[PDB]
Amino acid sequence: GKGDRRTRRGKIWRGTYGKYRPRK
Amino acid sequence: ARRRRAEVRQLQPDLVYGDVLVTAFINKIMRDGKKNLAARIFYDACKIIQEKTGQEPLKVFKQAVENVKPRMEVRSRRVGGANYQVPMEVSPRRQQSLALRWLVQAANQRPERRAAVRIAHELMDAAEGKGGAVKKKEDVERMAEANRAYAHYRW
Amino acid sequence: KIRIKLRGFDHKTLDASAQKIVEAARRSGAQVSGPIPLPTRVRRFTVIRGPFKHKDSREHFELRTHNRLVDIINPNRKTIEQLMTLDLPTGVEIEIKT
Amino acid sequence: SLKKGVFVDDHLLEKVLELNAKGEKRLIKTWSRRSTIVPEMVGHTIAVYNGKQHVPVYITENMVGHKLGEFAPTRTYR
Amino acid sequence: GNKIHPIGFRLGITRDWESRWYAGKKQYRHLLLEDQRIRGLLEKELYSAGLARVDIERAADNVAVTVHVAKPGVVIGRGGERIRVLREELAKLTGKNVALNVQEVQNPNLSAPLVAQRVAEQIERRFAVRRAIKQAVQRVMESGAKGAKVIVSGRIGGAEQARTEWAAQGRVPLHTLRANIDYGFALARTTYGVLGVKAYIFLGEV
Amino acid sequence: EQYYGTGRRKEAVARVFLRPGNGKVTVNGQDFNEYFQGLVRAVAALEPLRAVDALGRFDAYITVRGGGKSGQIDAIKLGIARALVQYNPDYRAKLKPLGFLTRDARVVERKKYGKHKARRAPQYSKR
Amino acid sequence: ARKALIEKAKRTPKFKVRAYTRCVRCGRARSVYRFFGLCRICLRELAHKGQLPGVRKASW
RNA sequence: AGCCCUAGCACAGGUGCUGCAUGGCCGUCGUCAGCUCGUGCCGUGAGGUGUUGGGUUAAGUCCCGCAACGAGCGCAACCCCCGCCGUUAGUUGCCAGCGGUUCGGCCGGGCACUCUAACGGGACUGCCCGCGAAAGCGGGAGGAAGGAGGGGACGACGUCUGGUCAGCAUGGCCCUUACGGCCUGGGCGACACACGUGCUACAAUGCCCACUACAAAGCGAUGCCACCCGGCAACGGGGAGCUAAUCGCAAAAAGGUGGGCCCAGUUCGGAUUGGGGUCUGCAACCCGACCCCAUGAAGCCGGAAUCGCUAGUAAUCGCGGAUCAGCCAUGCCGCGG
């Protein structure tokens, strides 16, 4: 989870944004 | 506990069967402070007790426990020689702690892939009396007796 | 209606020196929208107590910026009497706005 | 990894370019390992500082993309 | 290796800051540096006066600088002479025109930084450390104090081994907040290394 | 026509307005079971009523802010009690045995320096 | 080399970046709060004197 | 005259050595219930008594006793945070109470309530029963809170010749066309190995996608960036708002509901590597983080050992800040679910 950058939770944790976690 | 005798923490009764014992069991199931999913499992297991047997899930559960409470166990004690296991009678608080504990542990060893099922079958299996929860119970009663030679210490 | 703001590190000499803008615009003036306290903004400082390696054992400092708000609803110069130059702050700041 | 320019030391090309108008020099030597290699500025032989000395590296095509310090390693015993 | 600053402890009660100027979050850094360089200047070229505290207030180019001393006359001269140079010497580098109050101390044997400062002076004069301590406390205990304490660090009497000789009478309750304990700390740049002088004077309550 | 109390619990606060009638309960422009939807312990919040037999012969408009759901539930639970005794001050000497009238002081205790987490201490190693 | 370095911490540097903070009274490179230009050390020092306005001993 | 430039002279400089020459500040036993003094009394004397004893306490806390009677540095208390209540105050908060609502607390209207923050009230062993000579221990009501209600700040005489000359200060000793100084590169980032502290995991009480105000501290006008458009995204155009209870970082995540995966080294886990990019910066080879595609490792809960924690604690899930262009933060300091 928290270490796959291509998951939403991997992004949340990393604190970043993108395809797998876009900001609305 | 060098000072006092520790007031046993009193539990907020159940939101359904209004039973303190139930909640206790729900807590032992809970993982990382997720009481919601905890109680979902226990209740959604009470549902499996119905669809399979006539009896009320509570009186299943309740009497399922009483079959997993041990009456005797062994506590170690060394001396000026070696370590020996004196069989000790088991106090009412510890009985409940242990049965409920054992229940869940026993459950999560079972094969069926869904928490609610396992809790149910195990409860059910232990009401009948054939549970692997009840093995960990007969094993201690048997692990005393085997040391019956030493029940002249007792402290 | 007139807007003045008052910041300050000192909590006592604000409610005091802005109950001075209460009275000196109450005596010589009229109706008041009283002293209302905006929340405070605390700047924390956490520092290890030692000159050298002692990563535990630290001390704790804050810099709390209390904020107090005061407005009054009679823009007359029979109020800017004391509110001309009649001063007992010391390290309070003032924001006279429209 | 950049995209507006290629950020190569200007004092390097001046040597190179004005060495590229009939210029054959091999004693060319630099401390500009930070600077990207550039199109077909091949043939030359830039000695690069590794922090201790200069390294006679001959430049081919294929390595056009890379930077100069990728050929003057800075340590010993790998 | 324990024990807090008895002053730092009290700020907010018992003791108030020696800088009562509000500022903001990119000026504070500067009105700090000035504020300080001020006291680095005073304390060097005003030592002889005998300065305890150096209050300072600000409000866009009016600066309070209320210098408390036991012998004010040495900041002045006879009429103006010196203080006239110093209100200049302040504004000299400080691009702002300064004010400059002056205060006296009704008792310099209740001024911890002085009591400590005097004790130090004795020490570069090769004095009897044990006595100096016991005197200092005695003076301060007779200037009407409720309790008082003095510490020296070490190399006492030019010795090879660092020591720590101390003395106190009456209450010096560093653990009560309503204590009002002047604290003061002097050095002592001797021929063989530094010494360190803490001074404590306790006054009262509610 | 109207009775009221303030419920709080763990940085979570509840304006609780009681009325007699029907059985409906509003929370923040939502029905109860849409806000506390599929959260088992919600029904606890109304055990004050179930004690005194006020049951659902009351309506309640409740706004609430601060905390997370299960704090609010205990907060509401406190408002319901602090309101209905402000309807009948004789409705006290029966809510004492259940103690539905106590703020519940328990809150996040402070993280301390040199720990990790308040009590959780960092890991020893000896050698 | 602390001195030639404290009088280079002030110089306007070739290239913006090479700029760094410093204790004003330490000449200290590390842990220098922007708000004060002070090392964490020389800071606990002043805050205790009282020469740091409104800075209190934080307790909660 | 001031000030700058060359040759000279005093002197600068040194993160060079000495923490066993030191100041200062920290760590440590240990928040442990202790360490002492004055006068008297005892002893040739070092010393003792006091402070031993019984009851009691978290406590040398009190009580009762006693050749002692008191006192200081300690303990506790005076301070801060959190709980309940009350005044003061209304560009944050609502029909709770009524009219318009482009149904957004948005417009008058209003501070009752929530909140923001100043000052107060409140708990003391006060009251009833029980044992006790007492202090006090077991209960019981009243009360938001009951016996230290919970959490801080606070660290006695002193020990470790503890740490630190590399924060600073300082005795001494040592270099003074170099043990000083400036730059450009390189190094502190090496890698057969070994341990500490952590992080992410080994999955079904689980992972993935979709949709859904639970809102409790902080930061931001050479910055936070709404909202637009381009872009799979990083990010780049454009541009509103707020010196900020008003605008922005803001999505809180665990959760609830829907669908999907069906026990598999897997839709578990994301290491390694190929490639193509974005951004900050003079400059990312050594040595930056971020996006996207491809690659997908070891890992199926861990020997002998051994760590933390007693309640809003442990466990678990996000959140912010300090340093800071950027970031190797999984660290540290805090916050709440």
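Return the residue satisfying two criteria in turn: it lies in region C:19-55 and is in a strand (DSSP E or B) and within 14 Å of chain F (Cβ to nearest Cβ), and of such residues it is farthest from the chain's Cα centre (by Cα).
By that ranking, first place goes to C:48.
Test of understanding: among E:12, E:95, which residue is small (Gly, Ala, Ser) and under 30 Å from residue E:143 (Cα atoms)?
Going through E:12, E:95 in turn, just one is small (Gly, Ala, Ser) and under 30 Å from residue E:143 (Cα atoms): E:12.
May I ask you to verify whether residue F:37 is surrounded by fewer than 20 Cβ atoms within 10 Å (Cβ to Cβ) and within 10 Å of RNA strand H (Cβ to nearest atom)?
Against the criterion (surrounded by fewer than 20 Cβ atoms within 10 Å (Cβ to Cβ) and within 10 Å of RNA strand H (Cβ to nearest atom)), residue F:37 qualifies.
Which of the residues that make up region G:43-59 are in a loop (DSSP other than H, G, I, E, B) and either more than 12 Å from chain C (Cβ to nearest Cβ) or near RNA strand H (Cβ under 9 Å from one of its atoms) (or both)?
Listed by number, the residues that qualify are G:50, G:51, G:58, G:59.
Please go through region C:56-98 and give me each residue that is outside any strand (DSSP E or B), under 28 Å from residue E:12 (Cα atoms) and more than 7 Å from every other protein chain (Cβ to nearest Cβ), ordered by number.
If the condition is that a residue be outside any strand (DSSP E or B), under 28 Å from residue E:12 (Cα atoms) and more than 7 Å from every other protein chain (Cβ to nearest Cβ), then C:86, C:87, C:88, C:89 are the ones that fit.
Residue-by-condition table, conditions (1) more than 14 Å from chain G (Cβ to nearest Cβ); (2) exposed (fewer than 12 other Cβ atoms within 10 Å of the Cβ):
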{"position": "E:13", "(1), (2)": "no, yes"}
{"position": "E:17", "(1), (2)": "no, no"}
{"position": "E:27", "(1), (2)": "no, yes"}
{"position": "E:42", "(1), (2)": "no, no"}
{"position": "E:53", "(1), (2)": "no, no"}
{"position": "E:62", "(1), (2)": "yes, yes"}
{"position": "E:90", "(1), (2)": "yes, no"}
{"position": "E:96", "(1), (2)": "yes, no"}
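Quick check on my filter: what residues within region F:43-99 are within 14 Å of chain B (Cβ to nearest Cβ) and near RNA strand H (Cβ under 10 Å from one of its atoms)?
Hits for region F:43-99 are F:68, F:69, F:70, F:71, F:73, F:74, F:97, F:99.
Condition test on residue E:8, is it within 24 Å of residue C:8 (Cα to Cα), within 10 Å of chain G (Cβ to nearest Cβ) and within 20 Å of the chain's Cα centre (by Cα)?
Yes; evaluated as a whole, the condition is true for this residue.
Any residue in region G:18-41 that is free of Cβ contacts under 8 Å to residues at least 60 places away in the same chain and part of a helix (DSSP H, G or I)?
yes
Against the condition touching a residue at least 24 places away in the same chain (Cβ under 8 Å) and either over 18 Å from residue B:43 (Cα atoms) or not aromatic (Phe, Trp, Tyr) (or both), how does residue B:130 come out, does it pass?
Taking the combined requirement at face value, the residue does not satisfy it.
Please state which one of E:170, E:196 is farther than 24 Å from residue E:13 by Cα, among the small types (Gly, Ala, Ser) and surrounded by fewer than 17 Cβ atoms within 10 Å (Cβ to Cβ).
When all the criteria are applied, what remains is E:196.
Just to check your reading of the model, which residue among D:48, D:55 is without any contact (Cβ under 8 Å) to a residue 40 or more places away in the chain, over 9 Å from the mean Cα position of the chain (by Cα) and surrounded by 13 or more Cβ atoms within 10 Å (Cβ to Cβ)?
Testing whether each residue is without any contact (Cβ under 8 Å) to a residue 40 or more places away in the chain, over 9 Å from the mean Cα position of the chain (by Cα) and surrounded by 13 or more Cβ atoms within 10 Å (Cβ to Cβ) leaves just D:55.
Quick one: in region F:10-32, of everything that is within 8 Å of RNA strand H (Cβ to nearest atom) and of a type in the set (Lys, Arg), which residue is farthest from the chain's Cα centre (by Cα)?
F:19
Taking residue G:23 as meeting all but one of (1) in contact with a helix residue (DSSP H, G or I) (Cβ under 6 Å, 6 or more places away or on another chain); (2) within 6 Å of RNA strand H (Cβ to nearest atom); (3) under 18 Å from residue E:4 (Cβ atoms), write down the number of the exception.
Unmet condition: (3).
State yes or no: is residue E:204 closer than 23 Å to residue E:55 by Cα, surrounded by fewer than 15 Cβ atoms within 10 Å (Cβ to Cβ) and within 12 Å of RNA strand H (Cβ to nearest atom)?
When the stated conditions are applied, residue E:204 passes them.
If residue F:96 satisfies all but one of (1) surrounded by fewer than 17 Cβ atoms within 10 Å (Cβ to Cβ); (2) under 17 Å from residue F:4 (Cβ atoms), what's the number of the condition it fails?
So the condition that residue F:96 fails would be (2).
Restricting to region E:175-184, name every residue that is within 8 Å of RNA strand H (Cβ to nearest atom) and crowded, with 17+ Cβ neighbours inside 10 Å.
Hit for region E:175-184 is E:179, nothing else.
Answer with yes or no whether residue E:37 is more than 7 Å from every other protein chain (Cβ to nearest Cβ), touching a residue at least 24 places away in the same chain (Cβ under 8 Å) and crowded, with 19+ Cβ neighbours inside 10 Å.
no
Does region B:3-21 contain at least one residue that is among the charged types (D, E, K, R) and within 14 Å of chain F (Cβ to nearest Cβ)?
Yes: one or more hits.
Quick check on region B:22-62: of everything there that is away from RNA strand H (no atom under 11 Å from the Cβ), more than 14 Å from chain F (Cβ to nearest Cβ) and hydrophobic (A, V, I, L, M, F, W, C), which residue is farthest from residue F:42 (Cα to Cα)?
B:60
One line per residue, one yes/no per condition, for (1) assigned to a helix (DSSP H, G or I); (2) out of contact with any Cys (no Cβ under 9 Å at 6 or more places or on another chain); (3) farther than 28 Å from residue F:53 by Cα:
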| position | (1), (2), (3) |
| --- | --- |
| F:67 | no, yes, yes |
| F:74 | yes, yes, no |
| F:82 | yes, yes, no |
| F:86 | no, yes, no |
| F:98 | no, yes, no |
| F:113 | no, yes, yes |
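Kindly check whether there is at least one residue in region E:65-75 that is within 11 Å of another protein chain (Cβ to nearest Cβ), under 30 Å from residue C:88 (Cβ atoms) and crowded, with 16+ Cβ neighbours inside 10 Å.
Within region E:65-75, none of the residues are within 11 Å of another protein chain (Cβ to nearest Cβ), under 30 Å from residue C:88 (Cβ atoms) and crowded, with 16+ Cβ neighbours inside 10 Å.
What single numbered condition from (1) in contact (Cβ under 8 Å) with a residue 12 or more places away in the chain; (2) surrounded by fewer than 16 Cβ atoms within 10 Å (Cβ to Cβ); (3) out of contact with any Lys or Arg (no Cβ under 7 Å at 6 or more places or on another chain) fails to hold for residue D:75?
For residue D:75, the exception is condition (1).
Of these, G:40, G:18, G:28, G:2, which one is over 24 Å from residue C:66 (Cα atoms) and at the interface with another protein chain (Cβ under 10 Å from one of its Cβ atoms)?
G:40
More than 7 Å from RNA strand H (Cβ to nearest atom) and among the hydroxyl-bearing types (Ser, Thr, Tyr) - does that describe any residue in region E:134-152?
For region E:134-152, residues more than 7 Å from RNA strand H (Cβ to nearest atom) and among the hydroxyl-bearing types (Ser, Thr, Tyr): present.
Listed residues B:101, B:93, B:2, B:9; which is outside any strand (DSSP E or B) and in contact with a helix residue (DSSP H, G or I) (Cβ under 8 Å, 6 or more places away or on another chain)?
The unique qualifying residue is B:101.
Has region E:158-166 got any residue that is over 21 Å from residue E:49 (Cα atoms) and crowded, with 16+ Cβ neighbours inside 10 Å?
yes
With the checklist (1) within 12 Å of RNA strand H (Cβ to nearest atom); (2) more than 14 Å from chain G (Cβ to nearest Cβ) in hand, flag the one item residue C:12 doesn't pass.
Residue C:12 satisfies every listed condition except (2).
The numbers here are math on the coordinates, done by the rules we state, and not lab data. Heads up, the Cβs are rebuilt from the backbone with ideal geometry, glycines too, and the neighbour counts pull from every protein chain shown.
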